[PDB]
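Enquirer: Structure in C-alpha cells, see below.
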Amino acid sequence: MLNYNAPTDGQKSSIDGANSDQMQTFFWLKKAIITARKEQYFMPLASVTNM
Amino acid sequence: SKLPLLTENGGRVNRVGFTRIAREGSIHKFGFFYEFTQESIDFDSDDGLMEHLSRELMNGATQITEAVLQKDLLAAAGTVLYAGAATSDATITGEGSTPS
Amino acid sequence: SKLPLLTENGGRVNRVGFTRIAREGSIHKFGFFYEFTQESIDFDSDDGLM
Amino acid sequence: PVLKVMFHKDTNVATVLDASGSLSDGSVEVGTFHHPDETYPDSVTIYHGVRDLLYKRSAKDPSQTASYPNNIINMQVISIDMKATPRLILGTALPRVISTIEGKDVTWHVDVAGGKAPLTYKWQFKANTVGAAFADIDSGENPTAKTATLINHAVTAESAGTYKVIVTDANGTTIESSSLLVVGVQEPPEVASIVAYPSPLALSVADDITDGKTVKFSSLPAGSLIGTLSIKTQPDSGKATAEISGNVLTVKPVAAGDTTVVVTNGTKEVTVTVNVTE
C-alpha cells in the first residue's frame, strides 16, 4: 500500500523516491505572538513646564 | 513472461507503484552603472546623448545575460564526448598520430 | 553607563537589533470499535440494547 | 586573510595590502579588516571595509580620529588600489544532488577563474558509511581526476557518496565545492554486519552527567537497507542509561562507570563500549 509513513525521523513516504522528499511538512500560522508594552507609574506624576 | 493477464476469477494478481523526483535552482544578482556631470550634457553637440547611453546599457545587459545562460548550459551537459583518442581535457591535443 | 546619548552633530551613534523565536505542535489519531450478530439483537430479552 | 589599508592624503588613493606588505610613499596606515568577514562572506566586499575604516579617521590628518562632520566620508573622490594576493572566484558550482540508476555514467564540471595561473585540480570521495573520510581519487586509474571534469563509468552501489574538488594555485589560494551522488539499486543486497561511528570504543567521554552522547549506525554492504534498530539495556543502568530514537542512540551517564550496550535490528547485533570518567 502507498503509505504516508513519517517524513520526519528519516522514514519516507512510499511514493517518494530516493532523491525526492516532501515539499511541505508543516503549516505556518502567520499570526505572531507579541508582548504588550510595560506600564509606567512615575511619568503621570510629573507636571510639564513649557520651555 | 511479464504480460499482465486476468482470469475469469480476478483477485489480486497485478499491482504497480509510482515514484517522483525533485529538481532545484538558484538566483543571482548583477548590475553596473555610470556617472556624468551636468556640463557634459548641457554643452555637448549631441542633443540625444542620454537616449544613446541608455540604449547601450540595455543592449550590454541583454548580451551579458545571454552569455551567462550559455555558459551555464555548457557547464551542465549530461554527457561529454572527447574527439579522437583523448580521455580528458589535458589529454586533448592537436599533434601526433591521432589529432583530437 | 549604557544610555543613548546624542550630541548636536549626530551620525551613526546608537544601533539596535531584534530577534524572533519559533514553536510547534503535532496531531495524533485514536479509535475503537465493537461487533455483534443479528440473532443477538433479535432474540435478546431486552429491547433497546443498541 | 587580513588586509592592511594605507591612505595617501594628497592623491586621495587608498591602498590595500597584505599583513606583511608595506609602502614608503608617505601613506598613513588607517586599519585592518578581514576580507571574508567570517560572518557574512557574500554580503560585504573590500569597498565596504575600506569605507568603514576610513569613516573613523580625520580629514585634516588621517593619523588622528574625529567625529562625524570631520571624517573622510566622501568616497567619490577616493580611489582604491589593490596590491594584495587575488582571491579565487567560483564561476560555477557543482550541483548539490545528482541522481542516477546503476549502470549509467555521471559527469561533474566545476568552473574556477582568477588568481595566478596555472590552476591545479584535486578530486576527493567520501562514502556514505559512517566514519568515512575524504580519500583522493587515484589519478592513474582515472585520468579525469586531474582535470576539472570528472567522469565515472558504470556506477554501482559503492559509487554513492559525496564528491569534492579542490583548486590550488602557485600562490596557495584554495576553494572547494561539494556534490552528492545517489544511486538506486533494483535488488538491495542483504545486510552482513553493522559498524558504528563516534567510536564504539569509549563513545564520547563527558565528566558531566547531564551531557548525553550521540551514536550512529550503518551497514557495511553498500546499498543494503537497515531495519529499525532496538536496544537491549544491560546490567549497569546506574552507570549509564541508553535511549534510542530511530537510528540515533543517546546515552546519559548517571555514574562514572564503564558499561557495554548491545543494539540489534533483529538479526545482527552491535557491541559498543561506553567509558565514563569522573
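Enquirer: Select from the range C:11-30 the residues that are of a type in the set (D, E, K, R) and either surrounded by 10 or more Cβ atoms within 10 Å (Cβ to Cβ) or away from chain D (no Cβ under 14 Å) (or both) and write down the one among them that is farthest from D:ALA66 (Cα to Cα).
Expert: Here the answer is C:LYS29.
Enquirer: Further question on the same structure: Take the residues in the range D:241-255 that are within 14 Å of chain A (Cβ to nearest Cβ) and out of contact with any strand residue (DSSP E or B) (no Cβ under 8 Å at 6 or more places or on another chain); name whichever of them is surrounded by the most Cβ atoms within 10 Å (Cβ to Cβ).
Expert: For the range D:241-255, the residue satisfying everything is D:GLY246.
Enquirer: Let me ask another. Output the residue which, of all residues in the range D:92-104 that are within 14 Å of chain A (Cβ to nearest Cβ) and assigned to a strand (DSSP E or B), is farthest from B:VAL68 (Cα to Cα).
Expert: Top of the filtered list is D:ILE101.
Enquirer: Here is a follow-up. Enumerate the pairs (first residue in the range A:18-38 and away from chain D (no Cβ under 14 Å); second residue anywhere and in a loop (DSSP other than H, G, I, E, B) and among the polar types (S, T, N, Q)) with beta-carbon separation below 7 Å, excluding pairs fewer than 6 apart on the same chain, so at least 6 apart or on different chains.
Expert: A:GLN22/A:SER13
Enquirer: Please find, among D:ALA14, D:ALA19, the residue that is hydrophobic (A, V, I, L, M, F, W, C) and exposed (fewer than 15 other Cβ atoms within 10 Å of the Cβ).
Expert: D:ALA19
Enquirer: For the range D:170-219, give me every one of the strands (runs of 3 or more DSSP E) that falls completely inside it and has 2 or more residues that are among the charged types (D, E, K, R).
Expert: Once the strands (runs of 3 or more DSSP E) in the range D:170-219 are filtered for at least 2 residues that are among the charged types (D, E, K, R), what remains is D:213-219.
Enquirer: For the range B:51-96, which residues satisfy the criterion of being assigned to a helix (DSSP H, G or I), surrounded by 11 or more Cβ atoms within 10 Å (Cβ to Cβ) and hydrophobic (A, V, I, L, M, F, W, C)?
Expert: B:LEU53, B:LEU57, B:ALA61, B:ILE64, B:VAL68, B:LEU74, B:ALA75
Enquirer: Does the range D:150-174 hold any residues that are surrounded by 17 or more Cβ atoms within 10 Å (Cβ to Cβ) and not charged (D, E, K, R), and which are they?
Expert: Within the range D:150-174, D:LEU150, D:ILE151, D:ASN152, D:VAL155, D:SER159, D:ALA160, D:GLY161, D:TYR163, D:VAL165, D:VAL167, D:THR173 meet the criteria.
Enquirer: Of the residues D:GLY257, D:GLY227, D:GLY266, only one is on the phi > 0 side of the Ramachandran plot and either free of Cβ contacts under 8 Å to residues at least 40 places away in the same chain or not polar (S, T, N, Q) (or both); which?
Expert: Testing whether each residue is on the phi > 0 side of the Ramachandran plot and either free of Cβ contacts under 8 Å to residues at least 40 places away in the same chain or not polar (S, T, N, Q) (or both) leaves just D:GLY266.
Enquirer: Of all residues in the range D:129-144, how many are of a type in the set (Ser, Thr, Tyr) and more than 14 Å from chain B (Cβ to nearest Cβ)?
Expert: 1
Enquirer: Further question on the same structure: Quick test of your reading of the structure: A:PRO44 fulfils all but one of (1) closer than 23 Å to D:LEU180 by Cβ; (2) in a helix (DSSP H, G or I); (3) not aromatic (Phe, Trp, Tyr). Name the failing condition by number.
Expert: Going through the list (1) closer than 23 Å to D:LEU180 by Cβ; (2) in a helix (DSSP H, G or I); (3) not aromatic (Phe, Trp, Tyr), A:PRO44 breaks only (1).
Enquirer: Looking only at the range D:263-278, which residues are within 28 Å of D:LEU220 (Cβ to Cβ), of a type in the set (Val, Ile, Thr) and surrounded by 13 or more Cβ atoms within 10 Å (Cβ to Cβ)?
Expert: If the condition is that a residue be within 28 Å of D:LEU220 (Cβ to Cβ), of a type in the set (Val, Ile, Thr) and surrounded by 13 or more Cβ atoms within 10 Å (Cβ to Cβ), then D:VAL263, D:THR264, D:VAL270, D:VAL272, D:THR273, D:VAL274 are the ones that fit.
Enquirer: Here's a follow-up. Across the range D:105-128, which residue is farthest from the other protein chains (Cβ to nearest Cβ) among those that are in a loop (DSSP other than H, G, I, E, B) and surrounded by 14 or more Cβ atoms within 10 Å (Cβ to Cβ)?
Expert: Within the range D:105-128, the match that is farthest from the other protein chains (Cβ to nearest Cβ) is D:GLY115.
Enquirer: Applying the selection to the range D:48-93, what residues are within 29 Å of the chain's Cα centre (by Cα), surrounded by 15 or more Cβ atoms within 10 Å (Cβ to Cβ) and either more than 28 Å from D:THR168 (Cβ to Cβ) or not hydroxyl-bearing (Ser, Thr, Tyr) (or both)?
Expert: Matches in the range D:48-93: D:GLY49, D:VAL50, D:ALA84, D:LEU88, D:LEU90, D:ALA93.
Enquirer: Which pairs do you get when a residue that is part of a loop (DSSP other than H, G, I, E, B), found in the range B:6-25, comes within reach of a residue that is of a type in the set (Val, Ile, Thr), reach meaning Cβ atoms under 7 angstrom, with the pair 6+ apart or on two chains?
Expert: From residues that are part of a loop (DSSP other than H, G, I, E, B), the pairs are B:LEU6/B:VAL13; B:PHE18/A:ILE15; B:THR19/A:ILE15.
Enquirer: Look at D:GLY131 and say whether it is assigned to a loop (DSSP other than H, G, I, E, B), small (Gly, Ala, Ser) and over 30 Å from D:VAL16 (Cα atoms).
Expert: So D:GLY131 fits the description; yes.
Enquirer: Suppose the filter is part of a loop (DSSP other than H, G, I, E, B), within 26 Å of the chain's Cα centre (by Cα) and either closer than 30 Å to B:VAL80 by Cα or within 14 Å of chain B (Cβ to nearest Cβ) (or both); does D:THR147 pass it?
Expert: yes
Enquirer: Another question, then. Does C:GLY48 satisfy being away from chain D (no Cβ under 14 Å) and part of a loop (DSSP other than H, G, I, E, B)?
Expert: yes
All Cβ positions, even for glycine, are placed from backbone atoms using ideal geometry, and neighbour counts span all protein chains on display. Throughout, read-outs are computed from the coordinates displayed, never taken from laboratory work.
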